[PDB]
**Q** 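Got a structure here, written out as structure tokens. Questions coming.
Chain letters run A, B, ... following the sequence lines, proteins first and then strands; every chain starts at 1.
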Amino acid sequence: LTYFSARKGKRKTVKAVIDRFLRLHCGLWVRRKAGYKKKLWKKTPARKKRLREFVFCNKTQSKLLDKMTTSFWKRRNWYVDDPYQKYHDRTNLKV
Amino acid sequence: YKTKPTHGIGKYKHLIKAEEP
Amino acid sequence: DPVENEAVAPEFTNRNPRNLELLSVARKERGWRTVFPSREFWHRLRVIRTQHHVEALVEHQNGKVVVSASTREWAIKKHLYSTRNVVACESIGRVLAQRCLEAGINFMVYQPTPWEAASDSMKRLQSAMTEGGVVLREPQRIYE
Amino acid sequence: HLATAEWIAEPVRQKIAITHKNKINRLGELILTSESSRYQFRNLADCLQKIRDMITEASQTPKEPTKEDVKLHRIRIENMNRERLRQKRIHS
Amino acid sequence: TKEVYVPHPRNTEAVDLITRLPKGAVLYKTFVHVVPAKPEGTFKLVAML
Amino acid sequence: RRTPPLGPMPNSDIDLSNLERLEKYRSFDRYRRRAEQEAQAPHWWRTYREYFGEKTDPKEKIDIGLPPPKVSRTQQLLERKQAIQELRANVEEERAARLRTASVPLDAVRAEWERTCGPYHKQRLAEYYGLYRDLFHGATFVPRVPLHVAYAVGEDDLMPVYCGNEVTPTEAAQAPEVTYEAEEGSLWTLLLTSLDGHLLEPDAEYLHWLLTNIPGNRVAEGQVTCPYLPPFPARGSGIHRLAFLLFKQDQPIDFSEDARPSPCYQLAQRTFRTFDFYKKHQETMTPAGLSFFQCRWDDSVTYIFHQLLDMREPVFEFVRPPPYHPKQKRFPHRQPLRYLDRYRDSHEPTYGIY
Amino acid sequence: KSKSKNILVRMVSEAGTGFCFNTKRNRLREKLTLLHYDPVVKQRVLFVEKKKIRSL
Amino acid sequence: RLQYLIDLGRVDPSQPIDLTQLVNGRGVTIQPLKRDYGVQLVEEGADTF
RNA sequence: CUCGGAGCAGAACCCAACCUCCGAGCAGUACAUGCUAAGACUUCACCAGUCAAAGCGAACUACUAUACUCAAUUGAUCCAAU
Ligand SMILES: [K+]
Ligand SMILES: [Mg+2]
Ligand SMILES: [Mg+2]
């Protein structure tokens, strides 16, 4: 990671992360399953359905992904007709 | 289970003659 | 000025053993997949064939006999040349079907062995039950 | 009040009472309720759409044979056997 | 619990075993059960029409 | 570590020295028959019956019914054997059986069954339906007097009441035609109760009909202690049980305490418990006959509630327990995106402070 | 890693929807024509092999 | 939010309301440099409007 | 040098050696091995992997039938072809 850029002296974003993960404003990260497009001919339908799921990351991964991205990516966005709009805010979450 | 009094209730191969090719 | 007759408990208690069964919401006993026969039924037709007699039982999954027809009964035996042949098995089906309708039993499962199912006796006994009104399959449980 | 309502037609009035007899109370009022939204507006809009659907269905007089529900299939067999137990008087 | 084990008649291997057993001999196997805790549902007064 | 068995272990009496000489099952059906017998025996280990079998009381059920009829077994057996010989002697009978064209007359079978095994079959079926458990708190009786209840439907048809056959409230609008075999000078009491109908109290019943001091079998001449009320099973409440209990009175009895005003349209007054009623009159009264049917709601029940009972109709609904979900966690690792929907109250977009 | 006895092929629906699925067939056997469920038309339709994806 | 701003005098309903009046009343904060294209009117609060 | 079964490791789980043995890198039958979805398991992390009620759509008139038989029978990302 570049903590202080030579031109601006500012922390940089790892763009590899942006290409693979969606960050919900609540702090959750959404990813796709590895191998979900690989050798489908030898995989069962149950396995293939699991591979198509959009799944959440754990705390440790979430902390790493937060460090590898700048604050711009953590802002609240209001994209029109956003598919993931509902998932940005948690509900009935105790601790 | 071994320790329990019901140990071996499912034994069945002593009731059948051994098979030899 | 409340009406005394309109005093109704918030929850209705129906103690009829058949109520949830007749609504097809009662649990069937699922499982037992590695053994025979299945337990997933409310009522089953069970036919007992002996050297001398033919008996057919309708019993609940809990093991209570509901209705029965046997060639041991004088009412049936007096009209039978033989109590052990195909005619006796067909007659038992006809008698049992009538008793089932009078008891309110319109559905049951029949769980024959492969040789029993292929036999002419059991085929004639099944036709008698279906002709008599009883359906030998049970409606599926409603889970939702 | 369904019977008094003059904005609905008389034949339609009489056919709605039969089809939706389970929604008419002792006083004769057809009661419709919607609780599917957070907003009173949408709840009222759904209730009003139900009224408009009832009148459309009654006037349409559809003769298309609808597919039998599973709960109805069992009742059909049960009704058949109840008719099969019906007897006639020995000396009428 | 421990229950009497009767195989399916279509299960050729198990059926062969039981037909070779000596008369009066019953096989036993361990079974695992779930005793339902709650009822399927309750009738509740919904209206007074 | 080992523990000795607490009793005889299965497959212990088998002699394993002479295994080759011991007889084998050889058939699936012979093993299954023995296996079913073994399953029914009591065991000292844990069994399915222990956890799922209904817990019957150890003491036997008290019999409160009429004495068994006395029969000469020798004479009966002689006559029965003679009849079979005559039937088998007929050549036409043998050919019909051999060619599988013979049939039994169902009407005659039912008539003989009603005289012989009918009562025990009715008792078995009444026990299964829970009538003895609810009406008499587990006490059983053999219905030795056949009772024939039929609801006149139309002018040319009847709806017979047997033992759990379904009869609709519309068919039961008027009192049924009750006929039983009774000697001259005897007295009888006929009641109709709804075991499941009661709305306010779970254990109570509704006394739909009560006829007392019936002379012989002339039901019309009996005293109308309680007038007839058609069944009113509430919508969505399920299938109810209505039982006709015939009683044989040793002597004339006074039912002034049980007298209900004519007409009786107060559900509080209709409230009735058969056990309490029989207990006070047990000394002079014995259960004789039994019939019952199964009744669910129909549109005629609305008429009963609105007009006869002058009350609003109670509607019920079968409500299932709410679905279980584990406690929501801040990071649901490896769970699909629909995890969040499981814990969402509403489906409409929320904007918070904005 | 072994003698190639089977091959993977693309079965194309004859309904004109364009829905395709991949099936395995013996190399020496004739082209497969199968009755397979087509989600686009929501009923079972005849499929015909068009191409060989790879050797299995 | 719109009703709350009107009740407190921060937005005047006697004149035409637009983005300028909403911004001048501190009702909404628009960020054109963050690809904001204006305000979307959302139904929350319709029952009490 | 990866994967599976057995012993060491006797009875919940786990457990090493250039320890002791045997295997795998497929094949065969389906062509609804369609879709969707509670609740769980998990090779000690992650990745990956595993089992599934109900439901939709089918099938069905009893071929131990609706998550095929089989123990392992296998390869991430980028990229390329389409
Ligand atoms: K009740
Ligand atoms: Mg783990
Ligand atoms: Mg299912």
**Q** Scan every strand shown for a Watson-Crick or G-U wobble partner of I:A24, both distances under 3.5 Å, and answer none if you come up empty.
**A**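 Its partner is I:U2.
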**Q** Rounded to whole angstrom, note down the P distance from I:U50 over to I:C56.
**A**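 Pairwise P distance, I:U50 against I:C56, rounds to 28 Å.
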**Q** Would you confirm whether I:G57 and I:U33 are paired, taking Watson-Crick (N1-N3 with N6-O4 or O6-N4) or G-U wobble (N1-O2 and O6-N3) geometry and requiring each distance to be under 3.5 angstrom?
**A**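 Paired, no.
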**Q** Return the residues of residues 88-101 of chain C meeting this criterion: a heavy atom under 4.0 Å from some atom of RNA chain I. Order them by number, or give none.
**A** none
**Q** Does either side chain, that of A:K74 or that of A:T69, offer a donor lying less than 3.5 Å from an acceptor on the other one?
**A** yes
**Q** Could you list all the side-chain hydrogen bond (donor to acceptor under 3.5 Å, both in side chains) pairs where at least one residue sits in residues 128-144 of chain C, not counting sequence neighbours?
**A**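 Every pair satisfying side-chain hydrogen bond (donor to acceptor under 3.5 Å, both in side chains) with a residue in residues 128-144 of chain C: there are none.
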**Q** What does E:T12 touch in the nucleic acid at a heavy-atom separation under 4.0 angstrom: a base, only the sugar-phosphate, or nothing?
**A** nothing
**Q** Could you work out which one of I:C26, I:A11, I:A59 sits closest to the side chain of G:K1?
**A**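 The nucleotide sitting nearest to the side chain is I:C26.
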**Q** Check residues 8-20 of chain G and write down every donor-acceptor pair under 3.5 Å in which the side-chain atom is one partner and the other belongs to a residue at least two apart or another chain.
**A**
from, atom 1, to, atom 2, distance (Å)
G:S13, OG, G:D38, OD2, 2.9
G:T17, OG1, G:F19, N, 3.3
G:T17, OG1, G:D38, OD2, 2.7

**Q** Less than 6.0 Å separating the ring centroids of C:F107 and C:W42?
**A**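 Ring-ring flag for C:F107/C:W42: false, centres at least 6.0 Å apart.
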**Q** With a 4.0 Å heavy-atom cut-off, tell me which residues in residues 26-40 of chain C come close to RNA chain I, sorted by residue number.
**A** C:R30, C:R33
**Q** With the side chain of C:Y143 defined as its heavy atoms from C-beta on, choose the nearest nucleotide among I:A62, I:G28, I:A54.
**A**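 My answer, after comparing the listed nucleotides, is I:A54.
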**Q** If you define the side chain from C-beta out and look only at heavy atoms, does anything of A:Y84 sit under 4.5 Å from F:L337?
**A**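 Yes; the side chains approach each other to less than 4.5 Å.
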**Q** How would you list all residue pairs meeting ring-ring contact (aromatic ring centres under 6.0 Å, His included) that involve residues 36-56 of chain G, not counting sequence neighbours?
**A** G:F21-G:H36, G:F21-G:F47, G:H36-G:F47
**Q** Could you note down all residue pairs passing side-chain hydrogen bond (donor to acceptor under 3.5 Å, both in side chains) where residues 27-42 of chain E supplies at least one of them, sequence neighbours left out?
**A**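 For residues 27-42 of chain E: E:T1-E:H33, E:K2-E:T30.
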**Q** Rounded to whole angstrom, note down the P distance from I:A71 over to I:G4.
**A**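 The answer is 15 Å between these two P atoms.
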**Q** Contact class for G:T23 (heavy atom, under 4.0 Å): base, sugar-phosphate, or nothing?
**A**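 It contacts base atoms.
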**Q** Between B:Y1 and C:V109, name the one whose nearest nucleotide on RNA chain I is closer to the 5' end.
**A**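 Checking each residue's closest nucleotide, the 5'-ward one belongs to B:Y1.
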**Q** Taking RNA chain I as the partner, which of residues 25-36 of chain E come within under 4.0 angstrom of it by heavy atom?
**A**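 Under 4.0 Å from RNA chain I: no residue of residues 25-36 of chain E.
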**Q** Could you tell me if the side chain of A:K86 sits less than 4.5 Å from the side chain of F:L340, heavy atoms only?
**A**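 Not touching, per the 4.5 Å side-chain cut-off.
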**Q** Between atom CZ in G:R44 and atom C1' in I:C31, what is the gap in whole Å?
**A**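 For the pair G:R44 CZ and I:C31 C1', the rounded distance is 10 Å.
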**Q** Taking the nucleotide of RNA chain I with the closest heavy atom to each, which residue, G:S4 or B:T3, is nearer the 5' end?
**A** B:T3
**Q** ring-ring contact (aromatic ring centres under 6.0 Å, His included): which pairs involve residues 37-60 of chain A, sequence neighbours left out?
**A** none
**Q** If I take atom CD in residue C:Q140 and atom P in nucleotide I:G57, what distance separates them, rounded to the nearest angstrom?
**A** 13 Å
**Q** Under the 3.5 angstrom rule, does the side chain of F:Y343 hit a backbone N or O of F:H325 as a donor-acceptor pair?
**A**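 Flag not set: sc F:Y343 to bb F:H325 has no pair under 3.5 Å.
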**Q** Grab the CG-P distance between E:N11 and I:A65 for me, whole Å please.
**A** 11 Å
**Q** When rounded to the nearest Å, what value does the distance between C1' atoms of I:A54 and I:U42 take?
**A** 25 Å
**Q** Please verify, for I:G34 and I:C56, whether Watson-Crick or G-U wobble pairing holds with both distances under 3.5 Å?
**A** yes
**Q** Heavy atoms under 4.0 Å is the rule here; annotate nucleotides 34-49 of chain I 5' to 3' with B where the base is hit, S where only the sugar-phosphate is, and - elsewhere.
**A** SSBBSSS-----SSBB
**Q** For G:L28, give me all partners under side-chain contact (heavy atoms from CB on, under 4.5 Å), at least two apart in sequence or on another chain.
**A**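 Result, side-chain contact (heavy atoms from CB on, under 4.5 Å) vs G:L28: G:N26.
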**Q** What does F:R1 touch in the nucleic acid at a heavy-atom separation under 4.0 angstrom: a base, only the sugar-phosphate, or nothing?
**A** base
**Q** Is there a Watson-Crick or G-U wobble pair between I:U74 and I:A48, both distances under 3.5 angstrom?
**A** no
**Q** Any chance the rings of A:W29 and F:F331 have centres within less than 6.0 Å?
**A** no
**Q** Classify the nucleic acid contact of C:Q126 as base, sugar-phosphate or nothing, counting any heavy atom under 4.0 Å across all strands shown.
**A** base
**Q** To the nearest Å, give me how far apart CD (E:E13) and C1' (I:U64) are.
**A** 13 Å
**Q** Which whole number of Å gives the distance between the P atom of I:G7 and that of I:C78?
**A**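 42 Å, rounded to whole Å.
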**Q** According to side-chain contact (heavy atoms from CB on, under 4.5 Å), who are the partners of G:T33, at least two apart in sequence or on a separate chain?
**A**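 Once residues adjacent in sequence are excluded, the partners of G:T33 under the side-chain contact (heavy atoms from CB on, under 4.5 Å) criterion are G:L46, G:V48.
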**Q** How would you list, by chain and number, every residue that makes a ring-ring contact (aromatic ring centres under 6.0 Å, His included) with C:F36, sequence neighbours excluded?
**A** E:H8
